[PDB]
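Structure 1 and structure 2, given next as structure tokens, are two forms of the same protein chain, each shown alone.
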Structure 1
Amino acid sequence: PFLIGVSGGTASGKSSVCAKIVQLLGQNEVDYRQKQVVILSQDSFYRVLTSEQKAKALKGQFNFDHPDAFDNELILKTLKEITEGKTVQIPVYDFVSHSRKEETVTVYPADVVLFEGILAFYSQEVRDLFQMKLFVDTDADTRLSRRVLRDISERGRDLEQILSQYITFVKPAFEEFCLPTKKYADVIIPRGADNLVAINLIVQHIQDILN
């Protein structure tokens, strides 16, 4: 399986870029079991929160941007099995309640796997599993604007709590943990999903692999 790692800051466009790639590849018109290109999100691997942690999260006082927030062991284990051509089950994360669902997603063997997340390149062992590394680079202020609108209409958050959480944990964590991984990227994609030339370049490359 050809693994492509995608990173970038929060709301940089990582998710929309991956979605557009599979969409342009016609994967949305293919049966779930027949998909040749699948998208795996790092957010699906957020650790289960403890009572105290969830309490803070509800107040926007928990650091979901720190490397420890993700179950790195599970991520590595899952990606390795995928590279081995095995079928795996991945967790389903609910941003609204800061928790997992009892339902999991079946990830069948695909020819190409897109793994995206704010800290997809943080771990060296994970990084070495990617045959290609893309980093979506979008200005911090632009990303904040996007996150505010997205979080309010999709993650059930409030403006003030969003800005507070962002300035207190998100911004600092981005500079300390995310930004430093940009150097590992092979190709930088500015702006995001509206960058059609960049997206089509990845699509053609993937299509070439499928053939």
Structure 2
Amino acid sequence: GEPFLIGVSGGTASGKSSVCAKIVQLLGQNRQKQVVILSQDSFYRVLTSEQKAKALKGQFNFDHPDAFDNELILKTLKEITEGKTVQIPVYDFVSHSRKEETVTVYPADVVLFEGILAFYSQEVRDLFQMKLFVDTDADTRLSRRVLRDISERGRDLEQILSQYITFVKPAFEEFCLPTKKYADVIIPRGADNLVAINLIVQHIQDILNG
């Protein structure tokens, strides 16, 4: 069959992955539908030595649409829509290097693609049969983002905040937030909005059933 591709966007630490996890979990509550969640973060571009030098100095914008391998995203997603098995790269964010190992993703009935810029490119955007944007208060997101980067990346607090003000927040307002208008459903308060998520799940189930 043909997979049902769902695109999920939203600002940093807005709860995109939590909303996808909730969707899969509620899909199984109601044979079973196979569901897989993909992340745009897996498709960061391979950096040159100069770009990696700027990144280690905190001078590379990883929130700009150019930072993502949009060509690899488009090709991976188009092969999924045609029902094939694909290989997903494994990107190391602490070292800014795409690892050699890949992850095999077998065909599923529903595929969720989440990322801060999932709706930016028009070609990938037209592949999504449903599009969701996760909305969360900017300070709530920042404090999640700060705790997340302190532990998962081991970075300094002052350097996290200066990176946020320099790159993350401006790129959100210039590149991510405008893609909100392409969303079929906008979800305020993220995964805690179980009412909205339940409507989305019921909509997904009715499209697959008939």
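Counting starts at 1 with the first residue of structure 1 and goes up one by one along its sequence. In this text, the rigid core denotes the largest set of C-alpha atoms whose superposition between the two forms falls within 1.5 Å.
In the core-superposed comparison between structures 1 and 2, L201 has its Cα shifted by at least 2 Å. Superposition on the rigid core between structures 1 and 2 places the CA atom of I21 2 Å or more away from its counterpart. For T138, the Cα shift between structures 1 and 2 is 0.6 Å when the rigid core is held fixed in the overlay.
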